[PDB]
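Protein chains in written order, with the deposited numbering: chain E, 72 to 148; chain C, 2 to 389; chain O, 2 to 389; chain A, 318 to 369; chain G, 3 to 72; chain D, 256 to 306; chain K, 16 to 46; chain F, 7 to 122; chain J, 10 to 69.
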Amino acid sequence: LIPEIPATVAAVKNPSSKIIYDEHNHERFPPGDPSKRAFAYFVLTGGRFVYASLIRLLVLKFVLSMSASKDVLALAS
Amino acid sequence: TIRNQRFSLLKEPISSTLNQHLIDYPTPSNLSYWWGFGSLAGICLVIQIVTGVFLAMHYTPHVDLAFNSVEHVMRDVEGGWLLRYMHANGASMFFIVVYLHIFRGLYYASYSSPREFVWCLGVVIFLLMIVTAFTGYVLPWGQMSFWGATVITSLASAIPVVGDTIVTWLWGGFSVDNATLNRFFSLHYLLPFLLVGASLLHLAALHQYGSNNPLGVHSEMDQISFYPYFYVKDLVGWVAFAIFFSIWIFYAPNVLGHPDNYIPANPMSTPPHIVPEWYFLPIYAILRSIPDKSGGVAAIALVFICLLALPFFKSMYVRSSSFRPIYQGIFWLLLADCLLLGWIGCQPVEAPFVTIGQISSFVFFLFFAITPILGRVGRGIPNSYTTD
Amino acid sequence: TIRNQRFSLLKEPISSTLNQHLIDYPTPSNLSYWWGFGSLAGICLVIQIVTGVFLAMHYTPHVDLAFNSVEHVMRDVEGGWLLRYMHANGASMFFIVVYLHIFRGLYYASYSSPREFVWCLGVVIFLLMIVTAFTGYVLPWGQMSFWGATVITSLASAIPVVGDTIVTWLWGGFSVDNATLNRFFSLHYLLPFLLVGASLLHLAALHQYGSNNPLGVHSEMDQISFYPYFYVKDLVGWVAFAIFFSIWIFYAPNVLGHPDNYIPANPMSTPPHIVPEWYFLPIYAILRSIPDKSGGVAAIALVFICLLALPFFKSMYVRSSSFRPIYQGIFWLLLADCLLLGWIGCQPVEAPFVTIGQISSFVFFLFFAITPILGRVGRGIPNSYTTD
Amino acid sequence: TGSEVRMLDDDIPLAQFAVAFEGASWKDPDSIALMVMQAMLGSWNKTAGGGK
Amino acid sequence: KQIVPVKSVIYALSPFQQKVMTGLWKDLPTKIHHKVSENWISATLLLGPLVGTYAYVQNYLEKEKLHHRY
Amino acid sequence: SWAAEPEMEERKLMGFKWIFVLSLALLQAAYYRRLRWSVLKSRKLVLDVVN
Amino acid sequence: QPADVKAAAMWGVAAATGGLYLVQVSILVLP
Amino acid sequence: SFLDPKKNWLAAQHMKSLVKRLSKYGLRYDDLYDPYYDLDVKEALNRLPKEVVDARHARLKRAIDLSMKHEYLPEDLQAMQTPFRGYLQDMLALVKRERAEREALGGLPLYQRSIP
Amino acid sequence: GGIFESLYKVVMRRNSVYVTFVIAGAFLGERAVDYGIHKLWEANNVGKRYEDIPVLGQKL
Ligand SMILES: CCCCCCCCCCCCCCCCCC(=O)OC[C@H](COP(=O)(O)OCCN)OC(=O)CCCCCCCCCCCCCCCCC
Ligand code: HEM
Ligand code: HEM
Ligand code: HEM
Ligand code: HEM
């Protein structure tokens, strides 16, 4: 009647199992469903493949740039 | 919480400063992809430094060997073409992402209080970047490098009292010659480390007051740590930048360049079109547009005066331009004018380009001369639109 | 205290970190002048950086032009002999000051807890100084320069499986030619900035754990601010160092060097006496003394392992040498051994110098192997000498 | 499911939270092991005599 | 640099209990509608001066070319 | 044109390979970011305020 | 301790594989 | 001059656009005043009642959350929004007037901005 | 789902095994991409390579 209890107070004092999320740019899975935990890990694994390959490329490029050159290789007879 | 025994190696003194200022520094949870450019200019600087060191292991600063040494890196050194194209197109990328950094700051009014020191250190960083890129571009000793150096350093004799004395001291002689090449090489090697120091001071000031946000409002209510929430965002930014940079290295390695630089410098012949790199073009355009070359140098100084004077304007309590329609339109007009002015720089100094550049410079300075008026007038908005 | 209105500029955020760490840092009240030696080493590093930049404005890293370019600096450049003598003799004084720094640390056992990180960062700094000075000495391209580069780089072949590959890769082309000259110039220019970073980390760790004192005791009872009390002491040290360094520059500038570096490099003939600079002589003497060059390289690695292993000793309760007569004598014997070892390195391999060096290096490692024993016995002392 | 709820008040002296995994059924043979695991993660109190 | 508590109540969900990449192309036409409707003024201000100046320059260049071409 | 750019073939091969591979990396990085931020971008907060 | 030994051995295997992938000494490996 | 939306069509359009934007993000015009900006807004917020300041913080948090999620307020609350219903301008004017008086006759600043 | 969970329980229980898998996958993917791009190159520009000119060995 008189109180008009606040929204946060009413939420705290009345826990409910019908929890509602935003679901604007991230749609929920139906409540009973296994979590696709492995699929994300394999996606990240492919990305890590790429990152390791790029790091290897860069290190080798710099180090072998510091290496000998075709000029001295051809000069040595 | 008495630290009697160790909990987390992140909180130990060896990793505590890094912990705080990188992993645990709170940032607003609504930052867009426009802050990744600040995160990405540092990566560009690191790329430039590493490629430059590995290039300097092969470059000879003499006047009879610089061009042939650069071609030696091109041809004989294994992977040398990758190093040189990385260095050149990486200077270009550095300037691109720094321009995006600056223009996001302008759009969201990040220069406003309390980040005046952040903006001013950014302006000093911009000076350092410009000088480094120029003195580095003189290094390959091509026609464009030699004659751009001649023109720009000779246009330092506009100072009334000293002039010729400073020019002679800077040249190490009477013309751009071997002494100037060696001097420019040493300075080009040194300056990037001062640039790293300036970047660190830039970041220290920003971390003192915290980053802005698209709304421009106080944002200490909803904040999250930097890692991992913004680490992955910056990772997406870095990979997109890597794709862009790889396109610009492996398929169009000379499009951003100027073909006349592949001619060995010849002081007895002048190329028909002496112009700087594309990222000095707006400054060059303002300088040429203002006649009476002393006036041009004065205008170039005035540009930096305006940039440094931006953060010290009037009230203008609302800062983000998402809630400022007039300032939003003004910003878009400024960006269009800067792009047009950059286009003008590459054009000859004939008509109508003279008039187009004279109007463009006036608009560019009018932007700075109009914003305090916008703030003063908008200071009294709530009293007029109130619904009482 | 609520900082409503600002009192002092030093406590403002722009100068707050500098205030703390430079003006207000509490320091033990009884420090002698060797802490001044640490500050003096910092100043020597700055002097080296500045003179090196201005020298690199005139040095050509080509094999056909390096020597004549240095003679250019000496004869033609306005006040260039001053720059070159300052750089060379400043390298020498840098090493003198760092040696006095290290030996004060050894005498007062400053490596003990909790300054293990300070000592380890110091060891890393010493490695960086060694590398920088070596690659710099290669730059003038004389007989001693070329042949010392040859020998010290070719002793890297002692690695078991990848020695030859590393030697060839570092040489860049089967010899120590132009490629090695450019490589060494770039590295010599780069390394001092890493050295500055290492010095800053060194100072940060020390500032974390305070500072030792001639007594080795806890010293948080009587502590005074760094400024002005230790700034003036450091100033006295700096002026005395300036007089010493001016004696070296102007009157005896070539005493600390060898006359073979004034002959242009000729890879055909070999000078009869190949020795490094005087400050590498102890290490050279150890390496030469232990035969079977693989054993020599292993012995140098062992020297640095011992230096890194000093801080992590077991009991070592009493710190200063003022209350450790046995350790005081051991330290003085070690210093005499180090001086003798340095003198041996300049002598030929003919007898008896082989025996003397093989004894001196053994005594060096003996010092490094008998400090824990003294620590354990000293830990045993208090329950024996009780007077009751 | 696996989710969280956070009731920030800041007018309360002490913060209280519970973090939980999914346990076992009554008839699961691993419930005894879960009981043992709970035993070796035992409770601690500010007034407990065990102390440290 | 302090935190300002707000007295909220926040329900969050595990990142493994909700689909990830579908929201990119979910409700695409309305997204494009927003992007075009709330920004056409800005695009007009950014591009209009550029295309207008280009048209003016080409007109002037061609007119001078014809006039001077004898 | 060969004498002025003897590295064209190797340069183009490297470019094609790395553009493709980095595009795959970009896709993975986008997935990683959307997965990390999925907790925040789908929360429901009750604030006790209306206007 | 046995679990620590197994973990250390596996980490050594991983590091050796990484070094081998970085250096690519397939030509060198005769035995 | 003083141009209000009643006597200016351009001012009417400007006010309409500002109302639309603020209603989209559901925060009053006074909420845009940064306490770190002026330090007079900081004092004015220090003098306001706790209910008002807490409402301001809640509205700002809601706006920031909507900004992160890349969405706007639902049309119901958007029609329930009341921008330009000020709560701070009078107090800010009082604070600035007091500061002006204190500066005008003798006086030291009651608060100052750090450097920087 | 089942396949992903199975490979997960195979190769994602110890981080050392995961790092070995990442490195091996990077190597194999690099070599496979090399081979594919080379085949595309051969298919695209046929009749231009060095060992294709009709008179490669007749300048003597
Ligand atoms: C030929 C092959 C073999 C070669 C070696 C053979 C000899 C080994 C050593 C024999 C002598 C050992 C002496 C040890 C007992 C010292 C007693 C002592 O501490 O006496 C007190 C005295 C205090 O001095 P002070 O205060 O001036 O006295 C006034 C008193 N009111 O204290 C002193 O005077 C301090 C004396 C310090 C002496 C330190 C060095 C000798 C002892 C250790 C030897 C280690 C040798 C190997 C390592 C050498 C260094 C690298
Ligand atoms: C310490 C770090 C750096 C070193 C050692 C270095 C060294 C060099 C060297 C040796 C060259 C000549 C080789 C060549 O022309 O390709 C060069 C060129 C150049 N550098 Fe740097 N550089 C460094 C940092 C930078 C930075 C930070 C920038 C950008 C701001 C930059 C911009 C350039 C440009 C534009 C050229 C001309 C490239 C060309 O046209 O060929 N450099 N640099
Ligand atoms: C070397 C080039 C530069 C680097 C590495 C750099 C680095 C950074 C970094 C890391 C940040 C924090 C992350 C971010 O907010 O995006 C930042 C923010 C900022 N920078 Fe820079 N910056 C550079 C150049 C500039 C320049 C030239 C300016 C302007 C003159 C500038 C002005 C700013 C501003 C205003 C911010 C605050 C962003 C905000 O609103 O939160 N920066 N910069
Ligand atoms: C670039 C050369 C070096 C510089 C600039 C440097 C600088 C400093 C500075 C400024 C201090 C603090 C002031 C002082 O106590 O003297 C210090 C202390 C110290 N340094 Fe260094 N240092 C250098 C090399 C070394 C080396 C090579 C070591 C030994 C490996 C070392 C070990 C120490 C120790 C143990 C302290 C502690 C001082 C004490 O206990 O009172 N330093 N250094
Ligand atoms: C970034 C700063 C530095 C630069 C740019 C630099 C540059 C140079 C150059 C160009 C030379 C050859 C000029 C000559 O022959 O006199 C040189 C020589 C030398 N430098 Fe440096 N240097 C620097 C710092 C240092 C440091 C920190 C040391 C260590 C003490 C050092 C040790 C030497 C030595 C021993 C020589 C040979 C002296 C001689 O000419 O006989 N340099 N340096």
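The C-beta atom is built at its ideal place from N, Cα and C for all residues, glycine as well.
Against residue 96(E), the close residues of chain G are 25, in the order they occur along the chain (beta-carbon pairs closer than 7 Å).
For residue 3(O), there is no enclosing alpha helix (DSSP H), as DSSP marks it with neither H nor E.
Taken in chain order, the whole alpha helix (DSSP H) runs of length 4 or more contained in the region 292-328 of chain O are 294-310. Residues of chain F with a Cβ closer than 7 Å to the Cβ of residue 93(E) are, in chain order, 75.
Annotation: residue 149(O) to residue 139(O) spans about 8 Å, alpha carbon to alpha carbon. Taking a beta-carbon distance threshold of 9 Å, residue 8(G) counts as an interface residue toward chain F.
In the structure shown, residue 138(C) falls within a helical segment according to DSSP collapsed to helix, strand and coil. Interface residue (Cβ-Cβ distance to chain F less than 9 Å): residue 19(O) is not classified as such. By the Cβ test, the region 75-83 of chain F is not in contact with the region 104-115 of chain F, since fewer than three Cβ pairs between them sit closer than 8 Å. Around the CB of residue 269(C), fewer than 16 other CB atoms lie within 10 Å, so the residue is classed as exposed. A distance below 9 Å separates the beta carbons of residue 216(C) and residue 69(F).
The region 47-54 of chain O and the region 210-224 of chain O do not touch, with fewer than 3 CB-CB distances between them shorter than 8 Å. Residue 28(C) carries a strand assignment under DSSP once its states are collapsed to helix, strand and coil. Our two residues, residue 344(C) and residue 60(J), have alpha carbons roughly 47 Å apart in a direct line. Chain C places a beta carbon closer than 9 Å to that of residue 57(O), counting this residue as a contact.
Taking a cut-off of 8 Å for Cβ pairs, the region 197-207 of chain C and the region 179-188 of chain C do not touch, as fewer than three such pairs fall below it. In the displayed model, residue 145(E) falls within a helix according to three-state DSSP.
Residue 71(F) is a Cβ neighbour of residue 300(D), given a cutoff of 9 Å. For residue 321(A), no alpha helix (DSSP H) encloses it; the enclosing beta strand (DSSP E) starts and ends at 320-324. Bounds of the beta strand (DSSP E) holding residue 12(G) are 11-15.
Against chain E, a Cβ distance below 8 Å from residue 37(G) picks out nothing, because the smallest value is about 15 Å. Residue 299(D): member of the beta strand (DSSP E) spanning 299-301, first to last residue. Uninterrupted alpha helix (DSSP H) stretches at least 4 residues long and entirely within the region 39-85 of chain O occur at 67-76, given in chain order. For residue 153(C), the enclosing alpha helix (DSSP H) stretches over residues 144-155. For a cut-off of 8 Å, the C-beta gap from residue 120(E) to residue 66(J) is around 43 Å, too long to register as a contact.
Assigned with DSSP and collapsed to three states, residue 140(E) falls in strand. Take the alpha-carbon of residue 23(J) and the one of residue 109(E): they are about 14 Å apart. The C-beta of residue 35(J) comes closer than 9 Å to at least one C-beta of chain K. Spanning the alpha carbons of residue 225(C) and residue 37(J) requires a straight line of approximately 39 Å.
Spatial neighbours of residue 90(C) in its own chain (CB-CB distance under 8 Å, excluding positions within 5 residues in sequence) are listed in chain order as 246, 249, 250, 254 and 257. Shown here is that no member of the region 337-349 of chain A has a Cβ falling below 8 Å from a Cβ of chain G.
Membership of residue 67(J) in any beta strand (DSSP E) is not indicated, and neither H nor E is assigned to it by DSSP.
Annotation for residue 225(C): the continuous beta strand (DSSP E) segment containing it runs 224-226. Between residue 111(E) and chain A, the shortest Cβ-Cβ separation is not below 9 Å.
For residue 180(C), at least one C-beta of chain O is nearer than 9 Å to its own C-beta. Counting of Cβ neighbours within 10 angstroms places residue 142(O) among the buried residues, the total reaching 16 or more.
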